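> The data below comprise the sequence and an experimental structure of the protein.
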Amino acid sequence: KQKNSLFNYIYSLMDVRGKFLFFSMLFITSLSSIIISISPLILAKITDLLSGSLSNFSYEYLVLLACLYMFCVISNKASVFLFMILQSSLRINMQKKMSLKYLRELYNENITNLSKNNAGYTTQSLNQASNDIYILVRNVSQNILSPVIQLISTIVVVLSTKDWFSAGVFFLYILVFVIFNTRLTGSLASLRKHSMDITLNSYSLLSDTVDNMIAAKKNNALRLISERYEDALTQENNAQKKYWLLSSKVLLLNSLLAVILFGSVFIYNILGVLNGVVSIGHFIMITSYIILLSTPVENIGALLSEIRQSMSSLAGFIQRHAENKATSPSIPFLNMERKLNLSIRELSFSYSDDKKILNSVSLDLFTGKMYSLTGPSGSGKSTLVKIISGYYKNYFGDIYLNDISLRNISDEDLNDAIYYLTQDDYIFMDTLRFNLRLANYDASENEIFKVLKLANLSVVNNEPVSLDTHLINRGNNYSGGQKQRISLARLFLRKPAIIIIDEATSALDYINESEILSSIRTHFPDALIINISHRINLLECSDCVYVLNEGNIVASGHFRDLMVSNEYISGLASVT
Amino acid sequence: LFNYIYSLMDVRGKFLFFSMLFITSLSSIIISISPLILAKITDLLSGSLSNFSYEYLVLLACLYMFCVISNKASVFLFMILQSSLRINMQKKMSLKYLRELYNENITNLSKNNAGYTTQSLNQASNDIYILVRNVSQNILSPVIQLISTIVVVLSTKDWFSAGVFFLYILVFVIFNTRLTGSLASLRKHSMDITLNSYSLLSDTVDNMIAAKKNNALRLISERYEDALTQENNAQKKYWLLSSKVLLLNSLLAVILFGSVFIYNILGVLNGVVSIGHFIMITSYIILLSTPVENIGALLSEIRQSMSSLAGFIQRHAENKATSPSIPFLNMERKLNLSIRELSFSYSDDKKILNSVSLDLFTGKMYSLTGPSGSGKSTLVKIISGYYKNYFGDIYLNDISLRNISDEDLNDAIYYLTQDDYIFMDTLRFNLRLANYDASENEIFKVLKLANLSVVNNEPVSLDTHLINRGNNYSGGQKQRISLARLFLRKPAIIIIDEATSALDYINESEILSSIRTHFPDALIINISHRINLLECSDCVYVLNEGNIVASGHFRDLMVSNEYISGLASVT
Ligand SMILES: Nc1ncnc2c1ncn2[C@@H]1O[C@H](COP(=O)(O)OP(=O)(O)NP(=O)(O)O)[C@@H](O)[C@H]1O
Ligand SMILES: Nc1ncnc2c1ncn2[C@@H]1O[C@H](COP(=O)(O)OP(=O)(O)NP(=O)(O)O)[C@@H](O)[C@H]1O
Ligand SMILES: CCCCCCCCCO[C@@H]1O[C@H](CO)[C@@H](O)[C@H](O)[C@H]1O
Ligand SMILES: CCCCCCCCCO[C@@H]1O[C@H](CO)[C@@H](O)[C@H](O)[C@H]1O
Ligand SMILES: [Mg+2]
Ligand SMILES: [Mg+2]
């Protein structure tokens, strides 16, 4: 069942030009195997015409024979060059379509599955998959029809000249070969997959070390960093050597079998020529067939290995990239209300198992009101807002948005209704314009510049900020606070009902913090605001404060009513 | 270049490489006898065909078989040695890269992402592979087969054949070298765009959650699709030139070798040339394609994998200023900091530090504050040796920073960065980053001082597996990992750049208390917007638009300075 899905996926990557290039590759490979299967006859015809006669034969017929053999050899080589020209053209063609499908497939994945592996890994995963497709495209377009044509014609013709021992041992070889190899193909595929996986692990550890180089540099940790890579490389070499040995043995055993079987057919026809039983023309034809048969035998060996091993390694890739999906019912045409209220009823959550992060959170929040959420680091403030923000769907209990449950809300609509300002910043290595256009694609040059003022990012160091400012990897081109302001400027282009600010202002100074937080409430008057903070001034300003402790909501109401009642907020209000 | 490739080969690597060269050379000697054995077989066919002529035909046919078998055994043996050599050279190549990346400056490291550096290793590994191959296979072997051909065809006194044969190798080597550089440039430019494309994929995948939550599929997809279009166009440009060279080389061969075939046909028809010689000539025309092909590769592949490997060495071994350093420096337990008229720019376009003049001392805690963009991080980064292109001077008890080795500076100063850098590994590994030789107890002791020894009423294991960017942990728990590292280290200066922002007052004060206790003589610079640290410091420094605008005690500043007055009013 998964076998059919695989080839349909490869076929789909080919546009009209892609389908032509693929069929041209199949045709030219097939045509040349027909032509080259003729050539050992031509050689035999040349041999007899000369053998015996003492220069007494048609010199014009020898020239015609020699020219036909040349046409065979030329057309077979033109075919090789034409196939590789078509192959690269098809690689180029299928490449773009393959890569975008991956990016779009990665966008539709869940946050839990995305977080599982880094960029180093996903980047080299595309690499392995692309190459896997390439191999499969080749093995199909080249090693299916062509070796069958050359093997059929060879047994048919040798059978026609009534040589039973030759055609017999020839057919015996293809039989022993196809059996022996298939009885060892899976054993290679498994050893190759296991290797390729360790290779991903190794690219993953390189990108992990390079992304955290500054940390390792400043801790003078070259030895610790170098040794954990050197260990990964050692796991890679050992996995590669294990494949190499099996691969090397199969090749040597297949070579020794060929020498024993085809060697006998060569000795048999030698004795046949020495005892006048067999003609020289025929001897040359059997000798010519033994030599010609190696390439179709090679193309079969390849197919039996390469098709099974690239199908296994490609199966594993499609699995860890299209599998993880619970249900998600969603609503067909939903047009969310400008005013939305939040109702969390007996919400429970665990990231893994054995440990519960949210015990039985029961809350009720309303339009145009600001709420503060606090608690110790590990209580689950981020977790709770992430679930509200649809990061996770494996939760016990229910969450409503004006009667409508989250479970029945499409990820697109939820993201239009709620805007989560994350604890960590996510700045794209691109222009400032690009980072803000992330919030709204259709936004004009003015709408974007207006938003810079609202986030206090219109002027940096007495200089006006350009929308064309190039932003380095992780936006480390900008200060901690300037990073927070990019993410804040995004909110102003968006139009949400709920606004979550998870410690999203921590890097800003008192002036900026207050001015932006002011501008938020001004620009979004009816917006429900959840604010996560460990700071009294941010807790004070709220219409109501919620204290989360070890998963459960332990305290509610006004900050003043809590600053003495509650154990945690009294701990905060220890200073001054 | 070739010395760098040679160095990647250990003793087993050098054997495998020479075995590859030998076997390729030996097989070209053997296969160059082949057209003469075919001639003798054609000669015997037009003879008497006596018992001895039949026996000689068989012994001849056996020698041709030995040629064909030994040539194929050589191909299989070469590919077995090649993969063994690839495996061998692989590890050594990869570590040299990681170690080369560690020795690079922060400014140059920040220039490109992991997606880029990962695929950069890929391209160079493959460029080495190609070079190892074209050298071990396409140098001696085609020369042997081309020499013996002209020698033997010259011996049989066929001038037109050996003439046009030598003419072809001459026109070929000229025509191709004329277009090799044009191919290498088109290939390099393509491979570079390919890096750009892998860079944009890792950039998008690292910030997927942002793009997902902003429903930005179209903007994200469009950007990548543009990069892929820049990739296809760069690839198509190489493809066309590559395809033309191949078709023109093929058409030249058909015209030149086709004439040698027609000439010897007419020679056979007019009794001038024997059939035995006519076969030997076509047998040489057919045999010559593989050495012509290997020269076609050698010419084109050696140049294009040298161009793209030149680039890789340039961007991974250059951009070093000076660094005089110090031979054997043993830094004093007590160190004072003296910044004199410090000025700095990142891209020279704008000044970040105007003329910072400061003086700090042992065992005292100092607070640094100012608006976001003043340059607090910049200043401590320069103190921590992130950047060396600065005007003014920085001393450490008479010794200038310029004369301090990056290893010694990192042992004297410990910078707790604004953003956290958690390794995807065990908690043990993340803490061993600070001190390799640390025992299981030294590490757990440090977990208590970091307030990380217990998470959710459960004792924290040193074997806790930490996901990409440590997102397996809470904002504050991340900060605590970086804080726990400091307790294994032994510095004179301790910089805390907003490194406790994700912590509540209790823990912030509690960890900062255990820092001062465990490091009594340590000079502490604290960057904070909050007041629970500014009030605790021995002196406060206010940075505004590059210049230090206010100094002294916090209480004396919330009277004098409006910024410090307004900040304290947040009570
Ligand atoms: N992806 C994850 N996988 C497993 N456990 C996690 C993950 N993220 C967080 N946790 C744990 O879940 C608990 C609460 O997580 P989180 O919601 O980030 O907390 P928080 O209470 O908001 N803390 P903070 O923001 O630092 O002050 C902590 O004990 C974390 O260790
Ligand atoms: N790597 C960089 N490349 C270019 N400019 C930079 C870089 N890092 C910082 N800057 C700029 O230098 C100035 C000061 O940066 P930084 O030292 O991080 O500031 P900060 O004043 O400490 N702000 P913060 O800690 O966010 O509240 C700002 O104008 C930044 O945009
Ligand atoms: C035009 C009349 C017939 C020509 C004589 C028959 C021999 C055909 C040429 O054989 C070639 O010999 C080479 C070594 O000499 C091999 O490397 C090559 O694989 C093989 O294809
Ligand atoms: C001309 C009379 C003397 C000929 C005696 C030697 C036998 C030549 C065998 O050559 C083989 O012929 C095949 C034909 O298809 C090619 O595929 C193959 O590469 C080549 O090796
Ligand atoms: Mg949190
Ligand atoms: Mg800073």
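Received, thanks. Residues are numbered from 1 along each chain as shown, chains lettered A, B, ... in the order given. Ligands and ions are numbered 1, 2, ... in the order given.

> In space, what's closest to residue A:545 - neighbours in sequence excluded?
On the basis of CB to CB, 6 or more residues apart in numbering or on different chains, the spatially nearest residue to residue A:545 that is not a chain neighbour turns out to be residue A:372, at 4.5 Å. The C-beta positions use only the backbone N, C-alpha and C, and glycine is treated the same way.

> quick one: strands adjacent to the helix or strand containing that neighbour?
Following DSSP states H and E, one finds residue A:372 within strand A:370-374. Strand pairing for strand A:370-374, using DSSP bridges, gives strand A:528-532 (parallel), strand A:544-549 (parallel).

> How about it and ligand 1, touching?
No. Strand A:370-374 stays clear of ligand 1 (CB under 6 Å from any ligand atom), getting no nearer than 8.5 Å.

> Give me the distance between the two termini of stretch A:465-472.
End-to-end span of stretch A:465-472 (CA to CA, to the nearest Å): 16 Å.

> Hmm, I typed the wrong one, I wanted stretch A:152-167.
Across stretch A:152-167, first to last residue, CA to CA, it's 11 Å.

> List the buried residues of the helix or strand harbouring residue A:306.
Following DSSP H and E, one finds residue A:306 within helix A:294-322. Counting neighbours by 16 or more other CB atoms under 10 Å in any protein chain shown, one finds that the buried residues in helix A:294-322 are A:296-297, A:299-317, A:321.

> same check, this time on stretch A:23-40
Buried-residue list, stretch A:23-40, by 16+ other CB under 10 Å: A:24-26, A:28-33, A:35-37, A:39-40.

> Please apply the same query to stretch A:335-346.
Buried residues in stretch A:335-346, counting neighbours by 16+ other CB under 10 Å, are found at A:336, A:340, A:341, A:342, A:343, A:344.

> picking up where we left off before, how about the helix holding residue A:306 against chain B, any contact?
Yes. Helix A:294-322 lies within reach of chain B by CB under 8 Å from any CB of the partner chain, at residue A:294.

> do stretch A:552-560 as well
No. Stretch A:552-560 stays clear of chain B (CB under 8 Å from any CB), getting no nearer than 12.3 Å.

> now do stretch A:86-96
Yes. Stretch A:86-96 is in contact with chain B by CB under 8 Å from any CB, via A:88, A:89, A:92, A:95, A:96.

> just stretch A:379-389 next, same as before
Yes. Counting by CB under 8 Å from any CB, chain B is contacted by stretch A:379-389 at A:382, A:389.

> buried ones in that stretch?
Buried-residue list, stretch A:379-389, by 16+ other CB under 10 Å: A:379, A:380, A:381, A:382, A:383, A:384, A:385, A:386, A:387, A:388, A:389.

> need the contact list for the third one.
Residue A:381 sits next to A:373, A:374, A:375, A:502, A:532, A:548 when contact means CB atoms under 8 Å, 6 or more residues apart in numbering or on different chains.

> Please name the residues that touch the third one.
To tie it back to what came earlier, the one meant is residue A:375. Residue A:375 sits next to A:381, A:547, A:548, A:549, A:554, A:568 when contact means CB under 8 Å, 6+ apart.

> In these, find the pair that's most separated.
A:381 and A:554 (12.8 Å; CB to CB).

> Can you work out which residues contact both of the two?
Shared contacts of residue A:381 and residue A:554, defined by CB under 8 Å, 6+ apart, are found at A:375, A:548.

> which stretches of chain A form strands?
A:342-349, A:358-365, A:370-374, A:396-401, A:404-405, A:418-421, A:459-460, A:463-464, A:498-502, A:528-532, A:544-549, A:552-555 (DSSP state E).

> what's the domain layout of chain A?
Domain ranges of chain A: A:1-324, A:333-576, per curated CATH domains.

> Contact residues of the stretch 1-150 of chain A facing ligand 4?
Residues of the stretch 1-150 of chain A lying near ligand 4 (CB under 6 Å from any ligand atom): A:36, A:39, A:40, A:43, A:46, A:47.

> residues touching the nearest residue to the second one once chain neighbours are set aside, list them.
On the basis of CB to CB, 6+ apart, the spatially nearest residue to residue A:39 that is not a chain neighbour turns out to be residue A:72, at 4.0 Å. Remark: with contacts taken as CB under 8 Å, 6+ apart, residue A:72 is in contact with A:35, A:36, A:38, A:39, A:42.

> re earlier: also within reach of ligand 5: list those from the buried residues of stretch A:335-346.
The subset of the buried residues of stretch A:335-346 lying close to ligand 5, counting by CB under 5 Å from the ion, is empty.

> Which of those sits closest to residue A:104?
The closest of those to residue A:104 turns out to be residue A:336 (CB to CB; 25.2 Å).

> State whether the closest one and residue A:495 are indeed in contact, as I suppose.
No. Using CB atoms under 8 Å, residue A:336 is not in contact with residue A:495, being 10.3 Å away.

> which residues sit in contact with residue A:418?
Applying CB under 8 Å, 6+ apart, the residues contacting residue A:418 are A:388, A:389, A:390, A:496, A:497, A:498, A:499, A:500.

> Which one of the residues you listed is nearest to chain B?
Proximity of these to chain B (CB to the nearest CB) peaks at residue A:389, which lies at 7.1 Å.

> Having no further points to raise, I will conclude here.
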